[PDB]
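Okay, here's what each chain looks like letter by letter:
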Protein chains: 2
Amino acid sequence: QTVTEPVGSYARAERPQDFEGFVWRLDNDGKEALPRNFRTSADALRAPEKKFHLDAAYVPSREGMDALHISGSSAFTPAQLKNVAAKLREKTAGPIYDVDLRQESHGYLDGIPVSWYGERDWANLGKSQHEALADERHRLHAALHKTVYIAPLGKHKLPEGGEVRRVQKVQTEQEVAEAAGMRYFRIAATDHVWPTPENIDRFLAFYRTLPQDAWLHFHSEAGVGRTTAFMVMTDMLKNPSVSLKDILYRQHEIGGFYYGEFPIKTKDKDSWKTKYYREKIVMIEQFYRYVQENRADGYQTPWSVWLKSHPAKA
Amino acid sequence: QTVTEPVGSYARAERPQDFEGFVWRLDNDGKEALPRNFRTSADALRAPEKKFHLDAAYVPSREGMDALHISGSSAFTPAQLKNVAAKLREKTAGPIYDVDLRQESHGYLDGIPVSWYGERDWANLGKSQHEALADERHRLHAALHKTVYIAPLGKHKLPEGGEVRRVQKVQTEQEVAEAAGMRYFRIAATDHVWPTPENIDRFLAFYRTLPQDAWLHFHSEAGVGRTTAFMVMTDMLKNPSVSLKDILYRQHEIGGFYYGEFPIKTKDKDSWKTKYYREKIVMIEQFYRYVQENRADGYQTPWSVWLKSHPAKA
Ligand SMILES: O=P(O)(O)O[C@H]1[C@H](O)[C@@H](OP(=O)(O)O)[C@H](OP(=O)(O)O)[C@@H](OP(=O)(O)O)[C@H]1O
Ligand SMILES: O=P(O)(O)O[C@H]1[C@H](O)[C@@H](OP(=O)(O)O)[C@H](OP(=O)(O)O)[C@@H](OP(=O)(O)O)[C@H]1O
Ligand SMILES: [Cl-]
């Protein structure tokens with residue numbers, strides 16, 4: 001019997017036309033030297049956050065963490081990114097990658113990091129990566145020499161204050177990454193939800209081509225959901241002997257999200273998120289299974305293919 | 001010697017490109033039965049507002065006020081305008097005109113009164129009436145079936161909260177006026193400043209075509225600056241034997257601005273308004289003089305022509 005949307009693909013049921021972009025959102029006010037939630041795999045573990053009801057006494061294995069060479073953060077200003085790159089260059093002599101996980105169209109107007117925000121940050125929901133990047137390219141270019149309104153989100157994810165300017169310079173994140181001495185790689189993943197099979201296939205192929213000394217700096221809007229997902233996936237790929245529990249604990253304890261089971265709770269206005277949290281918990285487990293069952297033969301079978309013959313259970 | 005901009009035309013010095021529109025502003029939240037600052041010329045006089053430092057004991061002549069047949073208000077929802085029309089129909093059997101004094105592009109999206117707001121509300125500054133109305137038509141059409149953000153302005157005259165919707169219906173104010181049983185006449189007057197010689201020439205020519213029993217409902221955004229200026233001008237035209245002081249007092253005391261001399265005191269942020277207030281005071285006197293000198297012969301020469309040979313003094 002037909003299943004319309006399998007586990008891992010719940011977001012496909014949502015209607016993109018209901019979340020179209022309406023404002024240039026300020027992604028970072030540029031006040032700090034670094035982006036928020038900045039963390040590397042070299043960092044010491046800290047106490048787990050109370051909301052996840054984890055075992056504070058637990059001491060996760062650090063097997064492979066010194067060699068892992070990844071980091072994560074929120075969005076950043078160009079200056080903040082140069083600070084990130086200088087900081088990482090101290091840890092490695094390999095190429096440093098800015099891995100941009102944002103599906104939403106974003107860039108820099110007069111050096112100000114902005115994104116084209118629709119409700120739930122789903123302005124590019126349902127678009128292929130090709131379409132998402134075309135929207136981004138067109139929108140950014142159309143802003144040049146035009147008057148724009150750039151605002152942070154306040155009460156209820158609506159604009160609050162902000163500023164108005166006639167734009168004199170437009171840049172993509174790629175341009176800003178390269179100016180900072182980083183290589184650039186884009187995975188257009190949708191905010192709030194599990195990355196698509198497409199997203200993950202693209203990441204995996206990318207991962208297989210990296211030189212051994214590559215450092216991956218993942219980032220999304222806040223450096224939480226999407227950033228932690230790919231940091232976790234990378235940790236599993238590179239350190240397949242480490243237990244799922246150790247992976248989840250250690251990626252949370254250096255400053256990420258915890259992607260295991262926990263007592264979920266939402267303000268009723270945030271109750272749409274609940275099923276996306278469960279979905280992510282299940283898919284993390286399914287990806288761990290993929291890594292275990294496909295690493296012997298060197299990942300001959302792509303995630304998307306394997307997932308269709310080995311579907312996840314709600 | 002060459003004067004670049006004569007008195008009455010100061011706003012011509014400003015650069016339109018510095019005030020381009022950036023948001024659909026909510027013009028009325030629709031919560032009251034009537035628009036704000038609603039008043040008719042049949043209304044009782046109230047005590048003057050203290051900020052104008054007037055003589056609270058002075059009683060201006062009411063000569064001609066019963067026959068004047070004018071009103072003013074802020075912008076309105078379609079339902080509010082029907083309440084206005086109903087209220088006015090009780091007072092007259094003549095044609096009731098909606099005299100729209102707004103240069104800013106405005107209309108109704110799903111019945112919601114909005115305007116395309118640039119800084120200082122100068123998004124159509126410098127445009128001819130033809131160009132302003134074209135901008136308006138094009139912007140309104142372009143909104144149909146599109147996602148828009150509609151916000152009230154809060155602190156700093158920047159968007160605060162508001163709403164996002166996909167628009168199923170678009171209307172011009174003319175359509176809304178006619179649906180309420182009102183005739184429609186548009187004068188594209190710039191917010192905050194004295195109406196241009198073009199604006200006034202157009203109004204005077206319109207005035208001369210009116211039947212005796214015509215009722216004029218003037219409105220602008222708040223129903224203060226522009227609305228009162230045209231109410232005052234109409235009062236002078238129709239009641240030319242009444243003293244200038246009496247005109248100014250009585251239009252203020254039924255609920256309009258006071259267009260005579262008063263001690264101006266601005267917030268530091270509002271100091272740009274000071275010379276425009278002073279300009280309006282001088283031009284109101286100059287218009288009174290035009291009426292006194294040209295009424296006997298039936299206005300053979302228009303305001304714009306007379307003003308050029310009788311320039312106002314700063
Ligand atoms: O950008 P990444 O790093 O993926 O992180 C996201 C963003 O911070 C989201 O905020 P925004 O939507 O403003 O970008 C936030 O949603 P809320 O701010 O609605 O909580 C997500 O939390 P949850 O979706 O709640 O898990 C969080 O995982
Ligand atoms: O629309 P009309 O009826 O002409 O009245 C205007 C508007 O209310 C202006 O508000 P906005 O700019 O929000 O449309 C206001 O400026 P402020 O609200 O900035 O004071 C003007 O006051 P002054 O320009 O201050 O006289 C007032 O005369
Ligand atoms: Cl794709």
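Residues numbered from 1 in each chain as written, not as in the entry; some residues may be left out. Chains lettered and ligands numbered in written order. Heavy atoms only, no water.

- As stated in the entry header, the method of structure determination is X-ray crystallography and the reported resolution is 2.10 Å.

Focus on the interface of chain B and chain A
Consideration 1: Contact residues are listed per partner, giving 14 residues for chain B and 14 residues for chain A.
Consideration 2: Roughly 1,300 Å² of surface becomes buried between chain B and chain A when both sides are summed, with 58% attributable to carbon and sulfur atoms.
Consideration 3: Across the chain B-chain A interface, the total number found is two salt bridges.
Consideration 4: Here B:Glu20 ties to A:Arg166 by a salt bridge, and the two come within 2.3 Å at their closest N and O atoms.
Consideration 5: Summed over the shared surface of chain B and chain A, the number is eight residue pairs in polar contact.
Consideration 6: For the side of chain B that touches chain A, the secondary-structure elements that each account for two or more residues are β1 (21–26), β7 (147–151) and β8 (163–166) of chain B. (Contact = heavy atoms within 4.5 Å. Buried area = accessible area lost by both parts, 1.4 Å probe. Salt bridge = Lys/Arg side-chain N within 4 Å of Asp/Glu carboxyl O. Polar contact = N/O pair within 3.5 Å; in protein donor to acceptor, adjacent residues only side chain to side chain. Helix = DSSP H or I, 4+ residues; strand = E, 2+ residues; numbered from the N terminus.)

What to know about the domain arrangement of chain A
All names here are of chain A.
Consideration 1: On domain assignment, one finds that chain A holds domain 1 (1–29 + 104–171) and domain 2 (30–103 + 172–314).
Consideration 2: At the interface, 33 residues of domain 1 touch 39 residues of domain 2.
Consideration 3: Summed over both sides, the interface of domain 1 with domain 2 buries roughly 2,900 Å², with 50% coming from carbon and sulfur.
Consideration 4: For the pair domain 1 and domain 2, the interface holds five salt bridges.
Consideration 5: With a shortest N-O distance of 2.9 Å, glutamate 104 and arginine 226 are connected by a salt bridge.
Consideration 6: Along the contact surface separating domain 1 from domain 2 lie 24 residue pairs in polar contact.
Consideration 7: A total of five residues in the side of domain 1 that touches domain 2 trace back to one element, the largest contributor, which is helix α3 (residues 129–143).
Consideration 8: Broken down by class, the residue content of the side of domain 1 that touches domain 2 amounts to twelve nonpolar, twelve polar and nine charged. (Domains from an automatic or database assignment. Nonpolar A, V, L, I, M, F, W, Y, C, P; charged D, E, K, R; others polar.)

Some words on the site of ligand 2
All names here are of chain B.
Consideration 1: Surveying the vicinity of ligand 2 reveals 14 residues, the closest of which are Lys157, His192, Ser220, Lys273 and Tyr277.
Consideration 2: Contacts to ligand 2 include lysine 157, whose side-chain N or O atom sits 2.5 Å from an oxygen atom.
Consideration 3: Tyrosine 277 is positioned with one of its side-chain polar atoms (N or O) 2.4 Å from an oxygen atom of ligand 2.
Consideration 4: Classifying every residue of the shell around ligand 2 gives three nonpolar, four polar and seven charged.
Consideration 5: When residues are assigned to domains, the shell around ligand 2 turns out to be shared by domain 1 (1–29 + 104–171) and domain 2 (30–103 + 172–314), each giving three or more. (Near = heavy atom within 4 Å.)

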